[PDB]
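> no sequence on this one, just coordinates:
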Ligand SMILES: Nc1ncnc2c1ncn2[C@@H]1O[C@H](COP(=O)(O)OP(=O)(O)O)[C@@H](O)[C@H]1O
Ligand SMILES: [Mg+2]
């Protein structure tokens, strides 16, 4: 599909069971072992599989291939042999913890340790504008997360930084098998990063969101066709979205 | 086969947070001396006499004494009958006095008798296996004389292939169904050892036992924040059971992060709002412990069996706050929530 | 006066309890790093000696 | 509290009253009136005294 | 099929103002959002029934085609519209009652407007009268003004 | 002034919400007729799926 101008996606589930099925073949063929009885060429096994993912240019067709490998650590130690081979080959990691899974954060993505080194050059113009401040807003919250357990004698800026960090977190939680659209995603983030939620109670942020999304699908369908097709969010759509979340927030609690 | 169900047992920790399933592979983890043989003796007590079809017990590499306390606790309960043709249990035994070439072909002999009932007949079969770590270990002893370089910490190079060659016959096909409970020894309390940490791919419901709970007196010591299931699903267990299970794990995990403050500050210097989420969590820890039936000679207490509809309704009321007027001791080793207040008054009068 | 005398000594006595807990946290980081290397070294010898005698 | 807890052994019979829940919230003038009122209407008619504190 | 439009459910239609009955008006907008998504779940036209492939793939004939002959010429009668008229009937009586403010208070507007005409007349000259100033500021019977 | 507009406020309020009650019940018959045409195809698709 990459050779013929099309696009593709591949998922290896999982690559940490290929290095084990290859170690057994080595030690039965009497090859010299190494660290944790892996052979000397387990780096050459995973490198020439992930380097086949490429973004071709227009003279060859314009195809692509995207690769998502899954790697299982043991007790959260990424400094093992195979969790350090595949980390240094690829671009960025998504680090799912087990502590956040039981504290209510589902999907339990830790955004403190997750990176991507293509950066913001793969986001659309609508998503890039709102999430650039959200990434800065959440990163200021994780500095002051250790003051939440006993904090009431702090500055009003610090009480504000805690107040936005909890409510931005509730927007990030998501049920299973419910994938959204980018035009619906940018609207929910726009409702939170502007300041339209600092008076709503932190337990109601989930109920407010499922109510607000079913509204704008049926009653504002002509605005979510001018962010899908436009790609960016203009000044005309900035005012048009502004009275929408003010109309819904006014009469909401019923 | 692809269909999923729920098989009710009667244990409060198991049915609430990690439900078992008909025709599904179940695992019992934990170290040495925490209760893997007793908890697998409990499911022959509850499940095997109310079951229609037959049952097979394969004992692989355990003490030869404990194969006699099964032959003498199954004659006096009438499951094995020595006088006619109405018995319901077969037994296959290769214990820890055998040569190590014979502790690695007994588990293949257990699931050969249990394959006859599923295939040549059509009945619903159970299968209990204890222990199954002694299938891996008994192949790591004959290995170096067969001419093989060792892998990581000392196991054979063909570790995850002959394990996966036995564990693909214990399945539910379109000709029958095999429920299977297995006890899995974890060596010196380390679930990152290569023998227990590759059985996880073959199990639907894992029940991780723990020595840090058992040394509190909470019995059965099942870790709630480490046990999973594939049917903890609000489309299968309903939306009322689902928001109760996650409501218990959220208040237990938030209780863990509060213990780091009490070590420096103290209990009394906390606020009144989180002096309540501790006291709600401590009543949830103690309410999970249930007096077993086959552990009467340890305890002297009686055997309780709480149904499924009562386990949810017991835990809604501790979370909502309908029992904030009782001390913690009123829930220790009780059955349903009705006996939690009858035990509360009987402690009061002796002041 | 007494609630100012007390609230300033809570500031100092919680400051030396984070210097002494960060002075202790570097000395256990070196011992963790000597012991992390010594286990990769030790279980590498057991594989080599197991293959050489075979 | 921590005055009474230290002196609970040697001088448990020379206490008059003890006032707890002090220092969580900031002190005010009403709490200086609650203490000084109960120092009078106790039944102990005294004639000198002294106060010790940390200036 | 058939589908008619509606008006704006923006300001008036959620502010019906009952006796503190904002909950009943909130439920009125909640039915319009639910039915519009249920109308967005299914289209106006259903799928088509291929008849020719039914004869060959289900070629055990007779029992297959007799159900396909009876279910083809069937009819689907929709539900009745008996409650559709009586709910629209009470709108005709209340709309005749809602103009009572436009009927009764219209004279109350002009009487207040005529009161602004005579109020200009009374003030007059500074030194005007001792009885024309005795309309706004009051007088009474014996022993009213205590102070 | 404030009681003149109080006349006109209730005559634009009432005619909006008395046609919302026309169209909130109008959608209730389309979605129960569209699901009547759809369901009669569903229970004849079961027989088109069974005998194969
Ligand atoms: N119902 C129970 N609850 C808690 N502990 C138990 C129970 N039954 C037995 N034990 C404890 O478990 C220990 C080991 O029992 P057993 O299950 O036979 O061994 P293992 O799990 O190591 O095979 C015993 O010392 C006993 O005190
Ligand atoms: Mg045992």
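Looks like it came in fine. Numbers count the residues shown, from 1 in each chain, chains lettered A, B, ... in the order given. Ligands and ions are numbered 1, 2, ... in the order given.
> Let me see the contact set for the nearest residue to residue D:26 once chain neighbours are set aside.
By the measure of CB to CB, 6 or more residues apart in numbering or on different chains, the closest residue to residue D:26 outside its immediate chain neighbours is residue C:3, 6.8 Å from it. Quick note: C-beta positions are derived from backbone N, CA and C, even for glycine. Counting by CB atoms under 8 Å, 6 or more residues apart in numbering or on different chains, residue C:3 makes contact with D:23, D:26, D:27.
> helix or strand right after the strand or helix carrying residue C:3?
Under DSSP states H and E, the secondary-structure element containing residue C:3 is helix C:2-13. Once the chain leaves helix C:2-13, the next helix or strand it forms, by DSSP H and E, is helix C:16-52.
> Can you give the distance of that next one from its chain's centre?
Helix C:16-52 has its average C-alpha position 10 Å from the chain's average C-alpha position, going by CA atoms, centre = their mean, to the nearest Å.
> touching chain B at all, it?
Yes - for helix C:16-52, a contact with chain B is found by CB under 8 Å from any CB of the partner chain, at C:43, C:46, C:47, C:50, C:51.
> Between all of these, which two are at the greatest distance?
Using CB to CB, the residues of helix C:16-52 next to chain B reach their maximum pairwise distance at C:43 and C:51, which is 13.3 Å.
> For residue A:175, see how far away whichever residue of chain E sits closest to ligand 1 is.
With distances taken as CB to the nearest ligand atom, chain E approaches ligand 1 most closely at residue E:34, which sits 52.0 Å away. In this view, residue E:34 and residue A:175 are 20 Å apart by CB to CB, to the nearest Å.
> who has more neighbours, the two?
For the pair residue E:34 and residue A:175, the greater number of neighbours falls to residue E:34 (15 against 10), based on other CB atoms under 10 Å in any protein chain shown.
> what sits against the residue lying closest to residue B:199 once chain neighbours are set aside?
Excluding its sequence neighbours, the residue lying closest to residue B:199 (CB to CB, 6+ apart) is residue B:184, at 5.9 Å. Each residue near residue B:184 by CB under 8 Å, 6+ apart is listed here: B:27, B:28, B:29, B:36, B:131, B:132, B:133, B:196, B:199.
> Next, the first one: secondary structure please.
If I follow you right, that is residue B:27. Under DSSP: H, G, I helix; E, B strand; the rest coil, the three-state class of residue B:27 is strand.
> and it, how many neighbours?
A total of 21 residues lie near residue B:27 under the criterion other CB under 10 Å.
> From what I see, it and residue B:197 are in contact.
No - between residue B:27 and residue B:197 there is no contact under CB atoms under 8 Å: 12.0 Å.
> thinking again about what came up before, show me just the buried residues among the residues of helix C:16-52 next to chain B.
Buried by 16 or more other CB atoms under 10 Å in any protein chain shown: C:47, C:50, C:51, out of those.
> Surely residue B:314 and residue B:338 touch.
No - in terms of CB under 8 Å, residue B:314 does not count as a neighbour of residue B:338; the distance is 9.1 Å.
> Who has more neighbours out of the two?
A direct count of neighbours by other CB under 10 Å for residue B:314 and residue B:338 places residue B:314 higher, at 22 against 11.
> For the more buried one, list the residues it contacts.
Applying CB under 8 Å, 6+ apart, the residues contacting residue B:314 are B:12, B:287, B:306, B:336, B:337, B:340.
> In PyMOL, select just the buried ones from the residues you listed.
To isolate the buried members of these in PyMOL, using 16+ other CB under 10 Å:
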select buried, chain B and resi 12+287+306+337+340
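> For the closest residue to chain F within the stretch 251-351 of chain B, give me its contacts.
Using CB to the nearest CB, the closest approach of the stretch 251-351 of chain B to chain F is made by residue B:308 at 33.9 Å. Residues counted as contacts of residue B:308 (CB under 8 Å, 6+ apart) are B:8, B:15.
> Now do the strands in the stretch 151-300 of chain B.
Residue ranges of the strands in the stretch 151-300 of chain B, as given by DSSP state E, counting those that start in this stretch, are B:177-178, B:180-183, B:205-207.
> swap in the stretch 101-250 of chain A?
Using DSSP E, counting those that start in this stretch, the strands of the stretch 101-250 of chain A run over residues A:109-110.
> What parts of it come near chain E?
For the stretch 101-250 of chain A, the residues found near chain E under the criterion CB under 8 Å from any CB are A:214, A:215, A:217, A:218, A:219, A:247.
> Which members of these additionally contact chain D?
Counting by CB under 8 Å from any CB, nothing from those sits close to chain D.
> okay, those in CSV with distance to residue B:148 next?
Rendered in CSV, the data for those read as follows (distance: CB to CB, whole Å):
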residue, distance to residue B:148
A:214, 62
A:215, 66
A:217, 62
A:218, 66
A:219, 70
A:247, 73
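> Sort out which residues of stretch E:53-72 are buried, please.
Of the residues in stretch E:53-72, those scored as buried under the neighbour-count criterion (16+ other CB under 10 Å) are E:54, E:58, E:64, E:68.
> Thanks again, I'm all set now.
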